[PDB]
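Okay, so we've got the same protein chain twice, two forms, each given alone as structure tokens, structure 1 and structure 2.
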Structure 1
């Protein structure tokens, strides 16, 4: 058990790095696609590949990748990948990409202009948009881990402010934090209200009222993006008078229809492996579960009509599963 391999990680590591190079250093979408699928199919392969020709029999694996595998099998390396690794251009592109807001397109532009380091970026803030400038301002903070006792404190300020606005609101911090992790890198809040449903007249101000109120108490300090259903921004714990100021953190807040809430909470509580195991069991029972709904499945293996859900428990009830605590949703 077993579970995943583990058996050809060296090959698949090579191909994924090659894909990332071609996607976002070269502008070569087809090469990127081909490496990605070749990596994915090899990763499923239950035997330790001993030649390029053995890999070649797989669909997705052609002559060029088979030859790269020989070189990598024979030597312990691929010269082509050692050169990419040593390449200043590609390394600079990948570093700049760590800034939230900067992606391959803006990274290519910046490196072509000689912008490669944080210091370089901190001297050319006029080349960046608001998202990227906020990404840069807090670059160090946004790579920092977030202790659990911090997440909890963050939890009951957004939970409390939301209540004092209107007790009808339901807000939940999901992600690994919900499933019990000793640290996260981000806070992921799911928000809803009884008179926003998938059939209703929308009412955009549900999300804005809570965002505004969190800025008002100085929890939210910056905005990366903000629409009628989705907010992404920055928050901070209140510092103690003077002394140590807490690092700034990424927080997302998402408004979801009431009749779709618990499927979202379920889906964004994870974990990824749990989720896969759960939708797999659902299929065994004749149900399909996604982030929005759970639907029965018909004789022809296809049906719909969302089932009523006002609880995580309800989803479990339908697939005849004992309710699983988030605390034990690792697998």
Structure 2
């Protein structure tokens, strides 16, 4: 406005004393001083004309002369470039880790750049390889490269035993020109709802992947899920294809095409899909499709041999992946 560059100033002063300090009475005084300047119908040109108004005071007018010369203030940006605030935004920047370890990490006086080795008395990691491939995780992944990651893995799988089936999901199957990672799903006809549990089916696929040296590291094992790091092979070009990021997941044969729909679709889409079923009278899950009716009591599960057997059941014209936004 007229003096309405010095009212933007005086507001922020009042927030920090409300919060991270909590000096009331000095929350109050800052605040009244804002209004008096807002009402005065004349452009101020010196903190020397300010003491005359019954609102502004002693050390307050003083802070205005520094404002009206430079156009910047000591008692301000110092609170702005030092706070835990606008550093929560920084501290994680250079970490690739977890919520409450920061604080104690930071609390050691350890920070972003030239503040990083200065104090390394935590000797943790992530899990022992976060802080190392920190550099390649923050770049996107071109489509063209996704296609030949895909092609290698299906090749190994089938050569072991042609009864396996496997497919890749996420943004890649929707049709992106760039991705953030890889997510794959895996089944076999000797694992079902009513059977013994079999991790050895997933161990084998992993071990042979290491053998041809496509998989390089391990972050997590289990009976159902693996979590690691991979790389494409070179003939002798530049320094590197960057190291990348892959997940793998084992599922019952009879609940397969119910999970694949689920690891694609789209959030918004998957939400609009489960309401139309309510209308026609069905209930749909990450595991099954069941007959409902009358009240809260679903029936048996109905049989499914394909993605499309699902659409039929609820009376919808089919919709290809490219269109599931």
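Numbering follows the first chain given and starts at 1. For clarity, a rigid core is taken as the largest C-alpha set superposing within 1.5 Å between two forms.
With a cut-off of 2 Å and the rigid core superposed, residue 225 has a Cα displacement that falls short of the cut-off between structure 1 and structure 2. Relative to the superposed rigid core, the position of the CA of residue 99 differs between structure 1 and structure 2 by 2 Å or more. Residue 69: CA moves 2 Å or more between structure 1 and structure 2 after rigid-core fitting. Core-aligned Cα shift between structure 1 and structure 2 at residue 51: this is 34.7 Å.
Superposing the rigid core and comparing between structure 1 and structure 2 gives a CA shift of 1.8 Å at residue 202. Shown is the Cα shift of residue 119 between structure 1 and structure 2 after rigid core superposition, which amounts to 7.4 Å.
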